[PDB]
Ligand code: HEM
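In the deposited numbering, the protein residues as written are 4 to 292.
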């Protein structure tokens, strides 16, 4: 099973920058979503969920085939809430219908990260829409009620090591949980990409509680929350060391997240030797827009 990247016919960096810009301008404009968090976090979650179906063992799933557009994956219980991201990107696809679904979903996550003042994330084009029978079955995305050993084992399937896992989880600085989506009670939320997830873990006074959906989560007096899987990053001594490293080095966290997030988004894709180099998109700010 090989998924070869194929550049959308006649497209180059500037075509993709125009798509990035449309997404970025829309992120700026539609600012009321989710109590004024905006769509940035759900777009990052969308990019992760369409990528996180990958299985290194047989090369099924992953971002390549754009399969989230099909009902089986769209309706995965693990994807509840992501419809909001799909709806946001719909008009962008309508404006730029030449771009593949996988390229659009992944670029939405890159654009969101960068527009939320996160690291630059190099991004490659050439995901190709594959047919409905290529859609992975539900059940490949991770459970939140689990411990550090679950986390570690889970991410082996995505070929992620401890550092990559801890860096990727730093995206939980963004946005929040919603009881109605995931059975987790949301806490304090932000829409700026920083290393604060790690700072929160280390500095807050956490108490384990059971929420109204009967799920356990860690809650701080300050109004913050952590999933059991988030909290597992300070219970495991290998993960804890990395948490401390990122809490104490913003630049290191940015550079590690960038690498890990690009890898996540590219898992399963074979890039021909003469494929274009990765694109680094300018933010709206850098363009004076
Ligand atoms: C053990 C792995 C993970 C688990 C169990 C997990 C679980 C969750 C859960 C339960 C939610 C709340 C969904 C809702 O109620 O709306 C959430 C939201 C989110 N997740 Fe994760 N996640 C994991 C890894 C990641 C990774 C690797 C990324 C990105 C790199 C990510 C980015 C986000 C974002 C940005 C949101 C917020 C969505 C919003 O505000 O609407 N997650 N995740």
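Note that the Cβ used here is the ideal one computed from N, Cα and C, for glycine as well.
Bridge partners of residue 212, per DSSP? 220
Between the C-alpha atoms of residue 264 and residue 124, what's the straight-line distance to the nearest angstrom? 7 Å
Please list the segments of the beta strand (DSSP E) lying wholly inside the stretch 217–290, counting only runs of 3 or more residues, in order along the chain. 219–223
Residues of its chain near residue 258, where Cβ-Cβ distance is below 8 Å and the 5 sequence neighbours each way are ignored: 122
Could you compute how far the alpha carbon of residue 157 sits from the alpha carbon of residue 239? 15 Å
Out of curiosity, what's the CA-to-CA distance linking residue 205 and residue 231? 15 Å
Do you know offhand how far residue 114's Cα is from residue 98's? Each residue's Cα considered, the two are about 17 Å apart.
With contact counted as at least three CB pairs below 8 Å, one residue from each stretch, are the stretch 45–58 and the stretch 72–87 in contact? Contact between the stretch 45–58 and the stretch 72–87 is present, with at least three C-beta pairs closer than 8 Å.
What residue does the alpha helix (DSSP H) around residue 5 start on, and which one ends it? Membership of residue 5 in any alpha helix (DSSP H) is not indicated, and neither H nor E is assigned to it by DSSP.
What is the rounded straight-line gap between the Cα of residue 28 and the Cα of residue 246? 33 Å
Cβ of residue 256 versus every heavy atom of the ligand HEM: is any distance shorter than 8 Å? No, since every heavy atom of the ligand HEM falls outside the 8 Å radius drawn around the Cβ of residue 256.
Give the list of continuous alpha helix (DSSP H) stretches no shorter than 4 residues that lie fully inside the stretch 15–51. If only uninterrupted alpha helix (DSSP H) runs of at least 4 residues are considered, those enclosed by the stretch 15–51 are 16–32, 36–39.
Are there any heavy atoms of the ligand HEM lying less than 8 Å away from the beta-carbon of residue 145, as far as the coordinates show? Residue side-chain check: residue 145 places its Cβ nearer than 8 Å to a non-hydrogen atom of the ligand HEM.
Alpha helix (DSSP H) runs contained entirely in the stretch 46–120, provided each spans 4 or more residues: Here the runs fully enclosed are 74–77, 86–98, 104–118.
Can you give me the C-alpha to C-alpha distance between residue 37 and residue 46, rounded to a whole angstrom? 13 Å
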